[PDB]
Amino acid sequence: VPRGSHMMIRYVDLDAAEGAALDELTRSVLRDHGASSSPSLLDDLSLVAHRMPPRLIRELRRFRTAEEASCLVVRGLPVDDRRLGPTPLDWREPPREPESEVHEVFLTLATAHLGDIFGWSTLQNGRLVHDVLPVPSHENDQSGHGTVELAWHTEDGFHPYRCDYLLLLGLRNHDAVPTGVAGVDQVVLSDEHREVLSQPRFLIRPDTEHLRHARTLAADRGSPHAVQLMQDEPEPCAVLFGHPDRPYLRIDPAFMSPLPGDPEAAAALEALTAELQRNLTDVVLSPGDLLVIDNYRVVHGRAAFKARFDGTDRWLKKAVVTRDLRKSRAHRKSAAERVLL
Amino acid sequence: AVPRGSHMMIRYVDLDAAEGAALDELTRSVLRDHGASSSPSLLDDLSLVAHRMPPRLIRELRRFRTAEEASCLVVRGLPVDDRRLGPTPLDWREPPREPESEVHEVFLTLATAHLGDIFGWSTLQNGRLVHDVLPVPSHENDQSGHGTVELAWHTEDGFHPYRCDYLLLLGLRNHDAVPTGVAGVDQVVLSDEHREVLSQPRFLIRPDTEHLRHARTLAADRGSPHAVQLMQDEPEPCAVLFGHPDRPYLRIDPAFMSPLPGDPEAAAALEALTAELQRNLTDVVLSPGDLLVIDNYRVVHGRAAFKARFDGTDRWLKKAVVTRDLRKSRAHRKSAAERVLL
Ligand SMILES: NC(=[NH2+])NCCC[C@H](N)C(=O)O
Ligand SMILES: NC(=[NH2+])NCCC[C@H](N)C(=O)O
Ligand SMILES: [Fe+2]
Ligand SMILES: [Fe+2]
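Residues numbered from 1 in each chain as written, not as in the entry; some residues may be left out. Chains lettered and ligands numbered in written order. Heavy atoms only, no water. Residues with missing side-chain atoms left out of burial classes, pairs and counts.

For this deposition, the record names X-ray crystallography as the technique by which the model was determined and cites 2.1000 Å as its resolution.

Where the PDB entry is consulted, chain B appears under the name Non-heme iron hydroxylase, with the organism given as Streptomyces lusitanus. Recorded in UniProt under Sequence similarities (unreviewed entry), the annotation for chain B is "Belongs to the clavaminate synthase family." (UniProt positions renumbered as here; feature names shortened; annotations may be inferred.)

Chain A goes by Non-heme iron hydroxylase in the PDB entry, where it is assigned to Streptomyces lusitanus. Its UniProt record, at the heading Sequence similarities (unreviewed entry), says of chain A: "Belongs to the clavaminate synthase family."

Okay, here's the thing in structure tokens:
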């Protein structure tokens, strides 16, 4: 480290036949299995996912395995703006048209080539595919439902079982609102700072949205919620981890701080923060664009924009993947279930 | 959630003639095209090539890792020609007389694709991704796959935090029907008192002798102590039961572990669990073409005493190990893509 800027993002452009094959496959699969989250689809996910165009499978497998580019941008998925229908005003509200579920299938199949798709009880009702869109009364939130600038972060950076890969699929983005991404492989940083960041001298806390639902889940249940405990008594942890010659990253400026009375930890963090800010790079998700982010090597944010709440607003589908679901067994209700409690 | 019945432990799958012959054809052509069972051309495209296997076998493997019901899967029916196989090598270092066994190595490597990430150890069989399990002269008394005395049951590489999630053993030759012993944590009768003690870091699990032999060599060559050596000298205290306490995972290796010194509760709880696993130990005989997939987080395995002749007719298995996440061992690997631990 550091590696060059061109190495960070790899672009794949699907041709017409590949795009058409995916459109046909995903509609047919939705028809047969009933839903993008269907148990019948999940039980057979690998098999169905290997009916996708071979070149996409190879690109996805390579991206995961070789660990070269930290972001994979796949463009060319057919998306019809009319058939898609208006953007829902809330993730809770069902869409006018069933069309967006076809593209949820695409996302769900893509996860098979990366690892185990999973969800959170404390986000969108434990759904395996999220809707990223603006929601009234959340304009000022640091979440996917805000309109104020979304500070860049590791996805669920606080949680030890946060995702390995984050998938964002553009469905509608008329105003070309960019997603910011910066890679730990591109960071210039002193050996002094790296060693401090590699020690457990930092407290990273859950974000507003997780806590909102954690509070009500502890009410409906008897027991306290692990997420609530992570806010109140966060365990000290490292920001850089893995192999020190090319480490992985765990960071969330808006919901973290160094240990108190630890100036070298604070200085190291601001030094790392400044670099990630410097190398922040815009990726505009157009309809059909899939962005695969290595959540162990990348931070991402999203620019401020103006929501209209009139059916034309920015709309993404989102899925998270863990390379090993079994490591979160103690936070799940049974071995096979994919939602963390 | 525990204990479960013995009937739930082992699931048998019998391949039919068409499935067997399709696998024989597939693995032969894969070997031809890719040049070796461990070839980088094969490994880079492994899931695509693995998905050319018969769909019922793919579904049985995928369900086995996802459902986590049965803790052992026995797939029978892989064609294995005893004559074309040629004589069992006298050591894993000796190349076999015939190239036939590498065809079955390919079956094994392909099977791993549906369970997770195949990996290896620098300190075992020179970092090979598929091992040979067979008796070697001078090692009759070893607690390894090369011994002929009773192999005490254990979690595979129990000492290591990045030990495998799944262990695959493929029978090639076993004329005298030597049984592989298996016992599952799901089937054990244990008190809550013992379970609590076993869930705390009050046990020291150390590497087996085979690991350390090679670690000592690699230490002198690289010019620094090997991680495995440190694990032998200063083992970090760890729990024998982990995961969810209602249906826990198991990490144990009696022949290479001890309870914390001066800890009689740890000593007693370990002895209780040990005696219970011993009572529930179940014989599975691997005949030619029998694949045994073991969940290493829920099962211990051993092997009965037998007599080796070292005349080319002795018991011979192929072996591979799978981790559900290769990335977690990054700090003990040379680079991100490298599949062999340092
Ligand atoms: N600083 C952060 N962690 N920002 C992202 C929060 C995203 C939020 N958990 C959501 O589901 O929309
Ligand atoms: N008690 C044990 N850990 N026994 C198994 C040792 C297996 C040995 N590492 C081998 O490669 O053959
Ligand atoms: Fe995010
Ligand atoms: Fe073993």
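Moving on from the coordinates now.
(A) Geometry of the packing of helix α1 (residues 16-33) of chain A against helix α6 (residues 99-112) of chain A. All names here are of chain A. Close contact between α1 and α6 brings their axes to 9 Å; oriented N to C, the two are set at 105°. When the interaxial angle is binned, α1 and α6 end up roughly perpendicular. Contact residues: α1 offers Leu22, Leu25, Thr26, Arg27, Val29 and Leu30, while α6 offers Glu99, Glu101, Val102, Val105, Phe106 and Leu109. Residues that form the contact of α1 with α6 fall into these classes: eight nonpolar, one polar and three charged. (Axes fitted to C-alpha atoms, helices over the stretch in contact; angles between N-to-C directions. Helix = DSSP H or I, 4+ residues; strand = E, 2+ residues; numbered from the N terminus. Parallel < 35°, antiparallel > 145°, perpendicular 65-115°, else oblique. Contact = heavy atoms within 4.5 Å. Nonpolar A, V, L, I, M, F, W, Y, C, P; charged D, E, K, R; others polar.)

(B) How the structure looks around the pattern of salt bridges. Residue and element names in this part refer to chain A. This model, assessed by the stated rule, comprises 51 salt bridges over all chains. Between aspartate 23 and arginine 27 there is a salt bridge, with its nearest N and O atoms 3.1 Å apart. One end of the pair is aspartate 23 and the other is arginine 27, both in helix α1 and four residues apart, which spans about a single turn. In this structure, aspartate 23 and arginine 27 share a single accessibility class: buried. The shortest N-O distance in the salt bridge between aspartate 262 and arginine 201 comes to 3.1 Å. (Salt bridge = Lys/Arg side-chain N within 4 Å of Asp/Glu carboxyl O. Buried < 20%, exposed > 50% of the residue type's maximum accessible area, 1.4 Å probe, protein only.)

(C) How the structure looks around the nonpolar core. Residue and element names in this part refer to chain A. Judged by nonpolar contacts, the single largest core of 42 residues is most densely connected at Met52, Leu109, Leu167, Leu290 and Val292. Ranked by residue count, the leading element in this core is α6, at six residues. For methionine 52, the contacting residues outside a window of four places in its chain are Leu22, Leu25, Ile57, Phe106, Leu109, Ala110 and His113. (Core = buried A, V, L, I, M, F, W, Y, C linked by side-chain atoms within 4.5 Å.)

(D) A look at the site of ligand 1. Residues and elements named next belong to chain A. Around ligand 1, the surrounding shell consists of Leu123, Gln142, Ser143, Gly144, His153, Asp207, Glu209, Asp252 and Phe255. The side chain of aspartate 207 places a nitrogen or oxygen atom 2.9 Å from a nitrogen atom of ligand 1. Measuring from a nitrogen atom of ligand 1, one finds a side-chain N or O atom of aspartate 252 at 2.9 Å. Considering ligand 1 on its own, with 360 Å² of exposed area, one finds that the protein chains cover 95% of that surface. Per-class residue counts for the shell around ligand 1 are two nonpolar, four polar and three charged. (Near = heavy atom within 4 Å. Polar contact = N/O pair within 3.5 Å; in protein donor to acceptor, adjacent residues only side chain to side chain. Areas by Shrake-Rupley, 256 points an atom, 1.4 Å probe, with all protein chains shown as cover.)

(E) Spotlight on the UniProt feature "domain: TauD/TfdA-like" (unreviewed entry) in chain B. As annotated by UniProt and renumbered to match this structure, "domain: TauD/TfdA-like" (unreviewed entry) occupies residues 119-319 of chain B. For the annotated span residues 119-319 of chain B, helix accounts for 22% and strand for 26% of the residues, and the straight-line distance between the end C-alpha atoms is 12 Å.

(F) Focus on the UniProt feature "domain: TauD/TfdA-like" (unreviewed entry) in chain A. Within the UniProt annotation, "domain: TauD/TfdA-like" (unreviewed entry) is assigned to residues 118-318 of chain A. When the span residues 118-318 of chain A is considered, its composition is 21% helix and 26% strand, and the gap between its end C-alpha atoms is 11 Å.

(G) Representation of the coordination of the iron ion (ligand 4) within the structure. All names here are of chain B. The protein atoms that coordinate the iron ion (ligand 4) are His154 (NE2), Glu156 (OE) and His301 (NE2), at distances spanning 2.0 to 2.4 Å. Mapping the donors of the iron ion (ligand 4) onto the primary sequence gives the spacing H-x1-E-x144-H. Here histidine 154 is found in strand β5 (residues 151-154), whereas its partner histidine 301 is found in strand β14 (residues 299-303), with 147 residues between them in sequence. Note on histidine 301: relative accessible area 6%, which makes it buried. (Donors = N, O, S within 2.8 Å, 3.2 Å for Na, K, Ca; no water.)

(H) Geometry of the packing of aromatic side chains. Enumeration over the complete set of coordinates arrives at ten aromatic pairs over all chains. Ring geometry for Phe118(A) and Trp120(A): centres 5.6 Å apart, planes at 65°, overall edge-to-face. Here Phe118(A) matches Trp120(A) in class, with each residue buried. Counting every residue linked through ring pairs, the aromatic cluster contains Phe241(A), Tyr248(A) and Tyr296(A). Positioned above the aromatic ring of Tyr249(B) is the side chain of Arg326(A), whose terminal nitrogen or guanidinium carbon lies 5.3 Å from the ring centre. Cation over ring: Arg327(B) sits above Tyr248(A), and NZ or CZ is 5.1 Å from the ring centre. (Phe/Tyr/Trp six-rings, centres within 6.5 Å; stacked < 30°, edge-to-face > 60°. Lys NZ or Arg CZ within 6 Å of the ring centre and 35° of its normal.)

(I) View of the side chain of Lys317(A). All names here are of chain A. In this structure, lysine 317 sits in strand β15 (residues 315-322). Engagement of the side chain of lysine 317 in a polar contact is seen with the side chain of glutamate 104, the distance being 2.7 Å. Apart from residues no more than four positions distant in its own chain, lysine 317 is found in contact with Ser100, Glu104, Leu107, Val129, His130, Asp131, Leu167, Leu168, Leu169 and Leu171.

(J) Fine view of the interface of chain A and chain B. On the side of chain B, 28 residues touch chain A, which itself brings 28 residues to the contact. Each partner contributes to the roughly 2700 Å² buried at the junction of chain A and chain B, and carbon and sulfur atoms together form 49% of this total. Our count for the contact surface shared by chain A and chain B stands at 14 salt bridges. Notably, a salt bridge pairs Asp324(A) with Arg324(B), separated by 2.7 Å at the nearest N-O pair. Our enumeration of links across chain A and chain B arrives at 19 residue pairs in polar contact. Where the side of chain A that touches chain B is concerned, the elements lending two or more residues are α3 (45-49) and α4 (54-66) of chain A. At five residues, α4(A) tops the list of elements feeding residues into the side of chain A that touches chain B. (Buried area = accessible area lost by both parts, 1.4 Å probe.)

(K) Just the coordination of the iron ion (ligand 3), in detail. All names here are of chain A. At the metal site, the iron ion (ligand 3) is ligated by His153 (NE2), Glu155 (OE) and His300 (NE2), and these contacts range over 2.0 to 2.4 Å. Positions of the donor residues of the iron ion (ligand 3), expressed as sequence spacing, correspond to H-x1-E-x144-H. Pair noted here: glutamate 155 is in the loop between β5 (150-153) and β6 (165-172) and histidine 300 is in strand β14 (residues 298-302), with a separation of 145 residues, a long-range link. Each member of the pair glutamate 155 and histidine 300 is classed as buried.

(L) Layout of the UniProt feature "binding site: Fe(2+)" (unreviewed entry) in chain A. Residues and elements named next belong to chain A. With numbering aligned to this structure, UniProt lists the feature "binding site: Fe(2+)" (unreviewed entry) at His153, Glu155 and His300. A maximum C-alpha distance of 8.0 Å among these annotated residues, which run over 148 residues, shows that they cluster at one spot. Among all residues touching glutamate 155, those that are not within four sequence positions of it are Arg162, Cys163, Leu166, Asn295, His300, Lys318 and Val320. On the basis of relative accessible area, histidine 300 is assigned to the buried category, the value being 6%. When sequence neighbours within four positions are dropped, the list of residues in contact with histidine 300 reads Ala151, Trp152, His153, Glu155, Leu166, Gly180, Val181 and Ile293.

(M) Spotlight on the site of ligand 2. Residues and elements named next belong to chain B. Around ligand 2, the surrounding shell consists of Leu124, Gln143, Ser144, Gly145, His154, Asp208, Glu210, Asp253 and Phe256. A distance of 2.7 Å separates a nitrogen atom of ligand 2 from a polar atom in the side chain of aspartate 208. Between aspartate 253 and ligand 2, the recorded distance is 2.8 Å, taken from a side-chain N or O atom to a nitrogen atom. A total of 350 Å² of accessible area belongs to ligand 2 in isolation, and the protein chains cover 95% of it. Its residues assigned to classes, the shell around ligand 2 comprises two nonpolar, four polar and three charged.

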